[PDB]
Structures are given as structure tokens and as C-alpha cells.
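The structure appears right after this line, and notes come after that.
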Amino acid sequence: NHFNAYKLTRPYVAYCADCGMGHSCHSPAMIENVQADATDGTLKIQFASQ
Amino acid sequence: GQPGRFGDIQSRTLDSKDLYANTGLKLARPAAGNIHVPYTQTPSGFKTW
């Protein structure tokens, strides 16, 4: 319940392929992963902000 | 381990620190402007099986 490891780092921007409306942009809200890997059917998402 | 069917990657146990793979992986060149990396291979055939 302390989470100290994150404090060294910051978020960052990336090149998103769908910024809405089908037009490419740079965004602080991209998404890279899915990795379902469960059995009940939950999902983990690793998106580039904090 | 012909790629795409069963047994596309394997190892003698959970810790055999070298492992066989024939996943047909190859990477191409990106298009202009955006910085990324393209690469093509058949998906993980285990889930297909």
C-alpha cells in the first residue's frame, strides 16, 4: 500500500492508430495490450498513462 | 514444429533455458512518418488448437 516504485517515472505519449473518427494522431491515451489469459473472462489493459 | 499447428514452440521442461521455435517470424520496413516496427508471423497456434 505504498507504491514507491512508480515515483521515479512519468507517463508518456505515443502514436495512436485510431484517435476516434479514423484519423491518426498522437495521444496520451493509447492502448497496448490485451492478455486476457483468465477463465472467467476479465481483461487487463496496459495503457500509456498513469 | 511447423508453424500454426500444434507444437509450434516447445521445451523439455519448465526451465530448459533454450527452446525450439519455427514460428515463421519476419519483420518488414515501416511506412514514412510514424515510428513503429512491423513484423509478420502466424499467430500462436496453441490457442487455435
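Identifiers in this document derive from the order of the C-alpha cells: chains are assigned A, B, ..., residues are numbered from 1 separately in each chain, and ligands are numbered from 1 in order of occurrence.
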
Show which residues sit within 9 Å of range 8-14 of chain A, as a short mmCIF file (atom, residue, chain, number, x, y, z; two decimals) with N, CA and C atoms, in the first residue's frame. Count only C-alpha atoms, and ignore same-chain residues fewer than 2 positions away.
```cif
data_model
loop_
_atom_site.label_atom_id
_atom_site.label_comp_id
_atom_site.auth_asym_id
_atom_site.auth_seq_id
_atom_site.Cartn_x
_atom_site.Cartn_y
_atom_site.Cartn_z
N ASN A 4 5.89 2.90 -4.03
CA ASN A 4 7.00 3.83 -4.18
C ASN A 4 7.74 3.68 -5.50
N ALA A 5 7.68 2.50 -6.12
CA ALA A 5 8.48 2.25 -7.31
C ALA A 5 8.07 3.14 -8.47
N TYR A 6 6.79 3.52 -8.53
CA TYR A 6 6.31 4.33 -9.64
C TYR A 6 6.88 5.74 -9.60
N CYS A 16 -0.98 6.86 -31.79
CA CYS A 16 -2.19 6.05 -31.81
C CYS A 16 -2.67 5.87 -33.23
N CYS A 25 -3.30 10.27 -35.02
CA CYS A 25 -2.81 11.39 -34.24
C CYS A 25 -1.77 10.87 -33.26
N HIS A 26 -1.28 11.77 -32.41
CA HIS A 26 -0.54 11.40 -31.21
C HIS A 26 -1.45 11.57 -30.01
N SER A 27 -1.35 10.66 -29.05
CA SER A 27 -2.30 10.70 -27.95
C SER A 27 -1.63 10.28 -26.66
N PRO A 28 -2.04 10.85 -25.54
CA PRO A 28 -1.59 10.34 -24.25
C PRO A 28 -2.48 9.23 -23.74
N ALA A 29 -3.30 8.66 -24.62
CA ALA A 29 -4.28 7.67 -24.21
C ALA A 29 -4.33 6.50 -25.18
N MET A 30 -3.17 6.01 -25.62
CA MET A 30 -3.18 4.85 -26.49
C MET A 30 -3.41 3.61 -25.64
N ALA A 48 -0.94 3.92 -21.73
CA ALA A 48 0.33 4.61 -21.57
C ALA A 48 0.30 5.78 -20.60
N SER A 49 -0.77 5.98 -19.84
CA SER A 49 -0.76 6.98 -18.79
C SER A 49 -0.66 6.30 -17.43
N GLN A 50 -0.73 7.10 -16.38
CA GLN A 50 -0.69 6.61 -15.02
C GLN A 50 -1.92 7.10 -14.28
#
```

Counting only C-alpha atoms, a student should be able to say which residues of chain B come within 10 Å of chain A; what is the right answer, written as a PyMOL selection string? chain B and resi 34-36

Same residues, C-alpha atoms, saved as a PDB file, in the first residue's frame:
```pdb
ATOM      1  CA  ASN B  34       5.199   7.226 -37.810  1.00  0.00           C
ATOM      2  CA  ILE B  35       7.796   5.478 -35.665  1.00  0.00           C
ATOM      3  CA  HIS B  36       6.895   1.837 -35.039  1.00  0.00           C
TER       4      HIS B  36
END
```

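Taking chain B and asking which residues DSSP calls strand (DSSP E) on the backbone, you get residues 9, 10, 20 and 21 of chain B.
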
Could you take the residues named above and write them with C-alpha atoms, as a PDB file, in the first residue's frame?
```
ATOM      1  CA  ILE B   9       7.186 -23.960 -29.551  1.00  0.00           C
ATOM      2  CA  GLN B  10       8.430 -26.469 -27.009  1.00  0.00           C
ATOM      3  CA  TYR B  20      12.840 -24.576 -30.142  1.00  0.00           C
ATOM      4  CA  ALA B  21      10.749 -22.276 -32.323  1.00  0.00           C
TER       5      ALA B  21
END
```

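Reported to one decimal place, the separation of CA of residue 27 in chain B from CA of residue 34 in chain A is 21.7 Å.
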